[PDB]
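Inspection log for the structure reproduced underneath, given as structure tokens.
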Amino acid sequence: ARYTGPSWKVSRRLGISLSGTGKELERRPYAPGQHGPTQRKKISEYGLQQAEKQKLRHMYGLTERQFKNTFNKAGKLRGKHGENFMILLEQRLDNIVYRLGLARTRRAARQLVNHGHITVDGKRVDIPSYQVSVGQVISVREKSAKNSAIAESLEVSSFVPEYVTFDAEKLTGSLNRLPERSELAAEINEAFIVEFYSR
Amino acid sequence: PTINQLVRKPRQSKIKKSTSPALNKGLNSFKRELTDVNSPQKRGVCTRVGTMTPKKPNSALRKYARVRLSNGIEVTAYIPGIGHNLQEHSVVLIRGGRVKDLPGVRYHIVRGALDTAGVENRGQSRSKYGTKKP
Amino acid sequence: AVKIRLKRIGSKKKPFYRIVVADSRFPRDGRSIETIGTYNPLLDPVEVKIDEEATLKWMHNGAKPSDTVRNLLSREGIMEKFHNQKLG
Amino acid sequence: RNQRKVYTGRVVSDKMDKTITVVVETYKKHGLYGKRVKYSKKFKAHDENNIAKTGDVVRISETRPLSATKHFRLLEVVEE
RNA sequence: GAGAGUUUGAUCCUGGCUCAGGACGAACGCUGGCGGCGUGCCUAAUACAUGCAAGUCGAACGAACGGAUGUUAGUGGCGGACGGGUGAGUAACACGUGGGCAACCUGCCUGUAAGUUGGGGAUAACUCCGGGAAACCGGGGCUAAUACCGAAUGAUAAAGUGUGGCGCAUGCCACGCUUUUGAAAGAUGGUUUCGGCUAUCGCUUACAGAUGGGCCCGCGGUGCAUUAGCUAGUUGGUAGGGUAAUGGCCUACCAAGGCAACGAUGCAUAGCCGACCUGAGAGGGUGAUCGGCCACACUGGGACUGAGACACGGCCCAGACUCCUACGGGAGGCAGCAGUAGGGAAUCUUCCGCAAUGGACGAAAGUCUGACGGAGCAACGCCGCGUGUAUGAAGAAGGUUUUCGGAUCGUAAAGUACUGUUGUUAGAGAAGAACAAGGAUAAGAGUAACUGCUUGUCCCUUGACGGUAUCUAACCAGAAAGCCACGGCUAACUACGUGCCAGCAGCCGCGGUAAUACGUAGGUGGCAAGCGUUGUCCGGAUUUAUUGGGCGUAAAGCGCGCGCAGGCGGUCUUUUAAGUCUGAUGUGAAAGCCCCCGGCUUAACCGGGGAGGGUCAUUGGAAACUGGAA
Ligand SMILES: [K+]
Ligand SMILES: [Mg+2]
Ligand SMILES: [Mg+2]
Ligand SMILES: [Mg+2]
Ligand SMILES: [Mg+2]
Ligand SMILES: [Mg+2]
Ligand SMILES: [Mg+2]
Ligand SMILES: [Mg+2]
Ligand SMILES: [Mg+2]
């Protein structure tokens, strides 16, 4: 994708499973590289807050410029800044793809929507950065329906959230209602981020 | 102060000095008069090249060149990196930056811009010191 | 002269037009006297908004349209209207 | 009709021929440090008969230009 | 409204220096895939090689060409004063905002009311002569007009006036009488009877309007007092002339004023604003691109023409600079678009088209337009997308390291399955386009009626971009990742080599044989088609403190007084409304910030609507406080 590198070392560096559920980490949770099993160090205020940012933006897999533009755009919305930012960051299309689970991870979802194997409101959308809102359907192009990657990746679904619907007979789903920081996974603080960008 | 004092004379802030005065002056041969223009870099001609003994605490020899810039100001420029191509009447491009070891130097030579051929054998920070990628 | 014409605005390969009152002399996107509508040729029905009372007024003062502004007025029914006010 | 500008002030000199100079004196706010400052501004009044004198309170009003400097006219003599 | 590091043996304060953010018309170094939107001589207002940027009308006119249409070199009309460029000058009514003109203009546009009557004289073109290479110049002769000049009738133009209604002194508006002036033109087209009539495009007079300009004015916005006096048509007045118009605008005569410490005069600097960047805000800096206004077109001055100029691509003259010559004599001004040289750290193609929008001309077809649409180049910026996706181990080969057991690069690879955003190949192929003109007709006003005019509806029509976007299929993981840092400040550590050497460094500071601070390798962190350095601006910096600082010892109380000016001023009553406060009206352009909607596959971007913004002005009210008065 945008990031074409390996996957496990990021989760290891951050001390959190991202891009999976314990896949990367339950064997050697320690940090990658020459160091990490031999020694550890106490991590500063800056480093903690940064690492929180990293846990967001490498969970979703997007450039930092794009990430901060999304931050500032979410800043307009009336509410708690980081909550609004987390929910809009979930409101990206890549999220909705991966939650429907036609592909096993964010990067695969991005690849799918990059090649345009899905269609919003019936129409084509070839960008991972589209913003879905409440009531917009999504499909599998009527042409990418039988392909083995999707057929085999729909075999797994960890749990369908309560803010999405999906009909696999159609391969058609939709966002129901915007989450509010409890529907999502909650292995983050949404405040150290705004600290790090406010200093 | 009193408000009447502040009205009889308002405040007056500080006169800022530049790190790089000679980059902030242009020239026209016609008028023969310097013209204030903010500039990042200037090119010049090395009058002299040599070594310096730096301040306490340090003792290593520091490579400098006394340059006559495009605008006529004579300036001492550090020659950073291992080895160089330069000699008398050598053309050189010059950026700002203060050698804290060395008293009379305030500017650096951009390495790799002109007759300042890049550093030998360098692999890291290559964009500094001006070596291509191999 | 004083003319009723189009002010080009928008972006490249996607024009939009404000319907404007102006002298012949002033530039195409320069100053104006009053703007009184908008225009878009891209859409299947071209989308026109006109105030029509100020427009009748500027015509009575002698602000003449362009060709395309004339035919926008006529397809909005304003040139018939202005003739009807010239009947008396 | 549209209406013209009128002011009030005090006379400083009489040496000129069929005119005076009226000094207007207003407090006003210094732009930055907020204090009120005595702003003064003198004008040349068109005195049709050399009526007024020095020390006189007076009202004037503007009109067409009448000299290099004059643009005003005597309207009343409010208080000697 | 965030702070961190740095003085000390350590501490507290003070105080400076630097840093963490944001922004650039940027340059440079390393690297480099694409799409969309934008931006791109800031320096030498230095000089110009070349090409194109202002033409048009044959329905104004005469001649020539022509087998009746059409063409032209000329005379004439309009436009050339727009559009386009730059920011030199300019510290001022130049600009912004708000008013005033009873003191002013205005072609082309609209409408209203009248009128285009009769004649004259030439002049180009042309032909000859002479000059000159030739253009091109003169001299003679011929000639047409919507070119010119007369007249009669017509001024809401003057002069003499009288009445009505009024204002803001100068005065205004309306009406009527007398006297004196001031005009013109035709062309096309139809019809009629042949005289006539008559539509349209033009012409003349007056009135209104709209639009565009002009003059005046209040206030506002830059540093210097190591610049305090300046002015002599300078200030006012009476007469006179002048401008589209008021006015020392100018002239003559009289008086000697006028401005100025509320900073005049002078020096240097600068186009001004909307607005842009930053900032909690006050404020700080800027005045690229977009819009408005101003100024200037090699430098200086001057006028003519014209509604409009003292004219970018006009004239004259002086000056500088340059070019061609047949060497006699001619011509010229890129700060128009490209481009060239030079300068510079540095900034584009000597491109296509008038399809569109808009302008000039024309009755229109049409022509002209380097305006403008577009395309090209530059990673210069903003946005977007990639450079594969999944699965795959106690974990290959190799690298680094080893506490020689291992640890790490690392699910990375390999292997298997899948996809085609992009790339390629072949196919399709929109918008943008409205029209105008012409051909039909239906209704009007006006006509003796036709022509014509205005309006309604149909038909027809023309795309540079461009076979570009967009869309369909097929094929391929295949061809698409680099930059910086890792002692703290601040994210991210080991090995070797060096040995106060080589070298690093924004501040503190590292390196003298065991360097996480140098060089390299591995690994890591931060970013990512960009990263970093340099230069500049704000903040942090309460480090110029109005908000928002201080002077015993840290920097800082004149050594002390007498006192002009100014600043500030005890208690009460009345009066006002200079300041203050307040209701109404008007405006503060669009674009931009902000909010709400919509559209481009989202975004950037674009559109619509609203809001905000003034020590804004007029008008009308209150008297508590400041100020004025008794
Ligand atoms: K004068
Ligand atoms: Mg200047
Ligand atoms: Mg501040
Ligand atoms: Mg001209
Ligand atoms: Mg020119
Ligand atoms: Mg040019
Ligand atoms: Mg060592
Ligand atoms: Mg002291
Ligand atoms: Mg606005």
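In the structure tokens, chains take letters A, B, ... by order of appearance, with residues numbered from 1 within each chain and ligands from 1 in the order shown.
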
**Check: which chain C residues lie within 6 Å of chain E using only C-alpha atoms (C1' of nucleotides), as a PyMOL selection string** = chain C and resi 1+10+25+28+61-62+68+80

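With only C-alpha atoms (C1' of nucleotides) and all ligand atoms as the atoms that count, the set of residues no farther than 8 Å from ligand 8 is residues 551, 553, 554, 555 and 556 of chain E.
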
**Request:** Select, from E:298, E:113, E:12, E:495, the residue with the minimum atom-to-atom distance to ligand 7, counting only C-alpha atoms (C1' of nucleotides) and all ligand atoms.
**Result:** E:495

**Request:** Could you pull out the residues sitting within 9 Å of ligand 7, using only C-alpha atoms (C1' of nucleotides) and all ligand atoms, and write them as a VMD selection string?
**Result:** chain E and resid 496 to 499 513 to 515

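For the atom pair formed by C1' of residue 420 (chain E) and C1' of residue 601 (chain E), the distance is 17.5 Å, given to one decimal.
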
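Pairwise distance (CA of residue 1 (chain B), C1' of residue 562 (chain E)) equals 25.7 Å.
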
**Request:** Pull the strand (DSSP E) assignments for chain C out of DSSP run on the backbone, and list those residues as a PyMOL selection string.
**Result:** chain C and resi 2-11+14-23+34-39+49-50+64-65

Since we have the selection now, will you write its residues out, keeping N, CA and C atoms, as a CSV table (one decimal), in the first residue's frame?
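Listed below is the output, out_35.csv:
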chain,number,residue,atom,x,y,z
C,2,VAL,N,-22.7,50.8,-21.7
C,2,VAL,CA,-23.0,50.0,-20.5
C,2,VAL,C,-23.7,48.7,-21.0
C,3,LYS,N,-23.2,47.5,-20.5
C,3,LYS,CA,-23.6,46.2,-21.1
C,3,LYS,C,-23.9,45.3,-20.0
C,4,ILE,N,-24.7,44.3,-20.3
C,4,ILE,CA,-25.1,43.2,-19.5
C,4,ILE,C,-24.4,41.9,-20.1
C,5,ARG,N,-23.6,41.2,-19.3
C,5,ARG,CA,-22.7,40.3,-19.9
C,5,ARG,C,-22.3,39.2,-18.9
C,6,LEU,N,-21.3,38.4,-19.3
C,6,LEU,CA,-20.9,37.3,-18.4
C,6,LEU,C,-19.5,37.5,-17.8
C,7,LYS,N,-19.4,37.3,-16.5
C,7,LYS,CA,-18.1,37.3,-15.8
C,7,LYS,C,-17.7,35.8,-15.6
C,8,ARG,N,-16.5,35.5,-16.2
C,8,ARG,CA,-16.0,34.2,-16.1
C,8,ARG,C,-15.4,33.9,-14.7
C,9,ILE,N,-15.7,32.8,-14.1
C,9,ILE,CA,-15.2,32.5,-12.8
C,9,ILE,C,-15.2,31.0,-12.8
C,10,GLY,N,-14.7,30.4,-11.7
C,10,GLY,CA,-14.6,29.0,-11.5
C,10,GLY,C,-13.1,28.5,-11.7
C,11,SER,N,-12.9,27.5,-12.4
C,11,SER,CA,-11.6,26.9,-12.6
C,11,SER,C,-11.5,26.4,-14.0
C,14,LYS,N,-13.8,23.8,-16.3
C,14,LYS,CA,-15.0,23.7,-15.5
C,14,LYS,C,-15.5,25.1,-15.2
C,15,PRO,N,-15.9,25.9,-16.3
C,15,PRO,CA,-16.3,27.3,-16.1
C,15,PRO,C,-17.6,27.5,-15.3
C,16,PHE,N,-17.7,28.7,-14.8
C,16,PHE,CA,-19.0,29.1,-14.2
C,16,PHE,C,-19.1,30.6,-14.6
C,17,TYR,N,-20.3,31.1,-14.6
C,17,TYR,CA,-20.5,32.5,-15.1
C,17,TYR,C,-21.4,33.3,-14.2
C,18,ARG,N,-21.0,34.4,-13.7
C,18,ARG,CA,-21.9,35.4,-13.1
C,18,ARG,C,-22.5,36.3,-14.1
C,19,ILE,N,-23.7,36.6,-14.0
C,19,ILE,CA,-24.4,37.6,-15.0
C,19,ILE,C,-24.3,39.0,-14.4
C,20,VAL,N,-23.6,39.9,-15.1
C,20,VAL,CA,-23.1,41.1,-14.5
C,20,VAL,C,-23.5,42.3,-15.4
C,21,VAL,N,-23.6,43.5,-14.7
C,21,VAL,CA,-23.7,44.7,-15.4
C,21,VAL,C,-22.3,45.4,-15.4
C,22,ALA,N,-22.0,46.0,-16.5
C,22,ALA,CA,-20.6,46.6,-16.6
C,22,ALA,C,-20.5,47.4,-17.9
C,23,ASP,N,-19.5,48.3,-17.9
C,23,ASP,CA,-19.1,49.0,-19.1
C,23,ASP,C,-18.5,48.0,-20.1
C,34,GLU,N,-23.2,46.1,-10.8
C,34,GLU,CA,-24.0,45.3,-10.1
C,34,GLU,C,-24.1,44.0,-10.8
C,35,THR,N,-24.1,42.9,-10.0
C,35,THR,CA,-24.3,41.5,-10.6
C,35,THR,C,-25.6,41.0,-10.1
C,36,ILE,N,-26.3,40.3,-11.1
C,36,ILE,CA,-27.7,40.1,-11.0
C,36,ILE,C,-28.1,38.7,-11.3
C,37,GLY,N,-27.2,37.8,-11.5
C,37,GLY,CA,-27.5,36.4,-11.8
C,37,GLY,C,-26.3,35.6,-12.0
C,38,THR,N,-26.5,34.3,-12.3
C,38,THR,CA,-25.5,33.3,-12.5
C,38,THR,C,-25.9,32.4,-13.7
C,39,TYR,N,-24.9,31.7,-14.2
C,39,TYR,CA,-25.1,30.8,-15.3
C,39,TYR,C,-24.1,29.6,-15.3
C,49,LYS,N,-30.0,31.7,-12.8
C,49,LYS,CA,-30.7,32.5,-11.8
C,49,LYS,C,-30.6,34.0,-12.1
C,50,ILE,N,-31.7,34.6,-12.2
C,50,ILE,CA,-31.8,36.1,-12.5
C,50,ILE,C,-32.8,36.7,-11.6
C,64,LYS,N,-27.6,47.2,-22.6
C,64,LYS,CA,-27.9,46.1,-23.5
C,64,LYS,C,-27.2,44.8,-23.2
C,65,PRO,N,-27.8,43.7,-23.5
C,65,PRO,CA,-27.2,42.4,-23.2
C,65,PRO,C,-26.2,42.0,-24.3

**Message:** Would you pick out the contacts of region 108-119 of chain A at 12 Å or less, using only C-alpha atoms (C1' of nucleotides), so that residues sharing its chain but fewer than 6 positions from it are not included, and give the list as number ranges by chain?
**Reply:** A: 1-4, 19, 60-62, 92-102, 125-130, 132, 136-147, 149-150, 153, 171-174; E: 384-386, 388-390, 418-422, 601

**Asked** What's the 10 Å shell around residue 16 (chain D), counting only C-alpha atoms (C1' of nucleotides), without same-chain residues fewer than 4 positions away, as a PyMOL selection string?
**Response** (chain D and resi 20-21+44+47+50) or (chain E and resi 235-237+255-258)

**Contacts to ligand 3 at 8 Å cut-off (only C-alpha atoms (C1' of nucleotides) and all ligand atoms) as a PyMOL selection string** = chain E and resi 1+279-280+539-540

Please dump the current selection as a PDB file, in the first residue's frame; keep N, CA and C atoms (P, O5', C5', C4', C3', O3' and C1' of nucleotides).
ATOM      1  P     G E   1      -6.525  29.743  25.377  1.00  0.00           P
ATOM      2  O5'   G E   1      -4.961  29.348  25.390  1.00  0.00           O
ATOM      3  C5'   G E   1      -4.179  29.562  24.189  1.00  0.00           C
ATOM      4  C4'   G E   1      -2.954  30.377  24.522  1.00  0.00           C
ATOM      5  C3'   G E   1      -2.004  29.786  25.577  1.00  0.00           C
ATOM      6  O3'   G E   1      -0.659  29.834  25.113  1.00  0.00           O
ATOM      7  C1'   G E   1      -2.459  32.039  26.057  1.00  0.00           C
ATOM      8  P     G E 279       0.428  30.577  14.597  1.00  0.00           P
ATOM      9  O5'   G E 279       0.110  31.631  15.739  1.00  0.00           O
ATOM     10  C5'   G E 279       1.150  32.099  16.573  1.00  0.00           C
ATOM     11  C4'   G E 279       0.732  33.292  17.386  1.00  0.00           C
ATOM     12  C3'   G E 279      -0.594  33.179  18.106  1.00  0.00           C
ATOM     13  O3'   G E 279      -0.523  32.410  19.289  1.00  0.00           O
ATOM     14  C1'   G E 279      -0.488  35.254  17.026  1.00  0.00           C
ATOM     15  P     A E 280      -1.632  31.294  19.597  1.00  0.00           P
ATOM     16  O5'   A E 280      -2.865  32.119  20.164  1.00  0.00           O
ATOM     17  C5'   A E 280      -4.162  31.562  20.105  1.00  0.00           C
ATOM     18  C4'   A E 280      -5.150  32.324  20.936  1.00  0.00           C
ATOM     19  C3'   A E 280      -5.428  33.747  20.500  1.00  0.00           C
ATOM     20  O3'   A E 280      -6.400  33.795  19.470  1.00  0.00           O
ATOM     21  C1'   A E 280      -5.100  33.658  22.845  1.00  0.00           C
ATOM     22  P     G E 539       6.564  38.375  17.440  1.00  0.00           P
ATOM     23  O5'   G E 539       5.961  37.061  18.089  1.00  0.00           O
ATOM     24  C5'   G E 539       4.559  36.889  18.177  1.00  0.00           C
ATOM     25  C4'   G E 539       4.200  35.467  18.519  1.00  0.00           C
ATOM     26  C3'   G E 539       4.839  34.929  19.783  1.00  0.00           C
ATOM     27  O3'   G E 539       4.053  35.226  20.918  1.00  0.00           O
ATOM     28  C1'   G E 539       5.152  33.396  18.007  1.00  0.00           C
ATOM     29  P     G E 540       4.721  35.821  22.242  1.00  0.00           P
ATOM     30  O5'   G E 540       5.435  34.557  22.879  1.00  0.00           O
ATOM     31  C5'   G E 540       4.677  33.400  23.174  1.00  0.00           C
ATOM     32  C4'   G E 540       5.542  32.174  23.283  1.00  0.00           C
ATOM     33  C3'   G E 540       6.760  32.305  24.169  1.00  0.00           C
ATOM     34  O3'   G E 540       6.436  32.169  25.540  1.00  0.00           O
ATOM     35  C1'   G E 540       7.347  31.224  22.148  1.00  0.00           C
TER      36        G E 540
END

**Item:** Surroundings of ligand 4 up to 12 Å, based on only C-alpha atoms (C1' of nucleotides) and all ligand atoms, as a ChimeraX atom specification
**Value:** /E:54,79-82,297,309-315

Residues just named, written with C-alpha atoms (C1' of nucleotides) as a PDB file, in the first residue's frame:
ATOM      1  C1'   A E  54      -5.030  47.703 -33.614  1.00  0.00           C
ATOM      2  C1'   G E  79     -11.718  52.960 -32.414  1.00  0.00           C
ATOM      3  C1'   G E  80      -6.525  53.888 -31.317  1.00  0.00           C
ATOM      4  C1'   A E  81      -7.258  57.084 -24.254  1.00  0.00           C
ATOM      5  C1'   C E  82      -9.828  50.098 -23.936  1.00  0.00           C
ATOM      6  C1'   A E 297       6.012  53.988 -20.828  1.00  0.00           C
ATOM      7  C1'   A E 309      -4.460  61.994 -23.657  1.00  0.00           C
ATOM      8  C1'   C E 310      -0.763  66.024 -22.751  1.00  0.00           C
ATOM      9  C1'   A E 311      -1.164  59.386 -25.442  1.00  0.00           C
ATOM     10  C1'   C E 312       2.963  52.210 -24.005  1.00  0.00           C
ATOM     11  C1'   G E 313       3.285  50.210 -29.547  1.00  0.00           C
ATOM     12  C1'   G E 314       1.039  59.030 -31.726  1.00  0.00           C
ATOM     13  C1'   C E 315       3.505  64.127 -32.853  1.00  0.00           C
TER      14        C E 315
END

**Asked** Within 12 Å of ligand 5, counting only C-alpha atoms (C1' of nucleotides) and all ligand atoms, which protein or nucleic acid residues do you find, written as a PyMOL selection string?
**Response** chain E and resi 48+53+84-85+297-298+312-313+332-337

**Complete:** Using only C-alpha atoms (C1' of nucleotides) and all ligand atoms, the shortest atom-to-atom distance to ligand 6 among E:179, E:57, E:114, E:370 belongs to E:370

**Prompt:** Would you list which chain B residues are within 8 Å of chain E using only C-alpha atoms (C1' of nucleotides), as an NGL selection string?
**Reply:** :B and (4 or 11-14 or 23 or 26 or 28 or 37-43 or 58-60 or 81-82 or 95-97 or 100 or 110-113 or 122-123 or 125-133)

Rows by chain and residue number, chain E within 9 Å of chain D, shortest pair, only C-alpha atoms (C1' of nucleotides), as JSON lines:
{"residue": "E:99", "atom": "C1'", "partner": "D:4", "partner_atom": "CA", "distance": 8.2}
{"residue": "E:100", "atom": "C1'", "partner": "D:4", "partner_atom": "CA", "distance": 6.4}
{"residue": "E:101", "atom": "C1'", "partner": "D:64", "partner_atom": "CA", "distance": 7.4}
{"residue": "E:103", "atom": "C1'", "partner": "D:64", "partner_atom": "CA", "distance": 6.3}
{"residue": "E:167", "atom": "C1'", "partner": "D:1", "partner_atom": "CA", "distance": 8.2}
{"residue": "E:168", "atom": "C1'", "partner": "D:4", "partner_atom": "CA", "distance": 7.7}
{"residue": "E:169", "atom": "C1'", "partner": "D:75", "partner_atom": "CA", "distance": 8.0}
{"residue": "E:170", "atom": "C1'", "partner": "D:64", "partner_atom": "CA", "distance": 8.5}
{"residue": "E:216", "atom": "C1'", "partner": "D:65", "partner_atom": "CA", "distance": 6.8}
{"residue": "E:217", "atom": "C1'", "partner": "D:71", "partner_atom": "CA", "distance": 7.9}
{"residue": "E:218", "atom": "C1'", "partner": "D:5", "partner_atom": "CA", "distance": 8.8}
{"residue": "E:235", "atom": "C1'", "partner": "D:16", "partner_atom": "CA", "distance": 7.9}
{"residue": "E:236", "atom": "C1'", "partner": "D:16", "partner_atom": "CA", "distance": 5.0}
{"residue": "E:237", "atom": "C1'", "partner": "D:17", "partner_atom": "CA", "distance": 5.2}
{"residue": "E:246", "atom": "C1'", "partner": "D:65", "partner_atom": "CA", "distance": 5.9}
{"residue": "E:247", "atom": "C1'", "partner": "D:67", "partner_atom": "CA", "distance": 5.4}
{"residue": "E:248", "atom": "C1'", "partner": "D:68", "partner_atom": "CA", "distance": 7.0}
{"residue": "E:255", "atom": "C1'", "partner": "D:17", "partner_atom": "CA", "distance": 8.3}
{"residue": "E:256", "atom": "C1'", "partner": "D:15", "partner_atom": "CA", "distance": 8.3}
{"residue": "E:257", "atom": "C1'", "partner": "D:15", "partner_atom": "CA", "distance": 6.8}
{"residue": "E:262", "atom": "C1'", "partner": "D:39", "partner_atom": "CA", "distance": 6.1}
{"residue": "E:546", "atom": "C1'", "partner": "D:33", "partner_atom": "CA", "distance": 4.6}
{"residue": "E:578", "atom": "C1'", "partner": "D:26", "partner_atom": "CA", "distance": 5.9}
{"residue": "E:579", "atom": "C1'", "partner": "D:27", "partner_atom": "CA", "distance": 5.9}
{"residue": "E:615", "atom": "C1'", "partner": "D:29", "partner_atom": "CA", "distance": 6.4}
{"residue": "E:627", "atom": "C1'", "partner": "D:27", "partner_atom": "CA", "distance": 8.7}

**Prompt:** Which protein, DNA or RNA residues have an atom within 9 Å of ligand 2, counting only C-alpha atoms (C1' of nucleotides) and all ligand atoms, as a PyMOL selection string?
**Reply:** chain E and resi 87-90+269-271
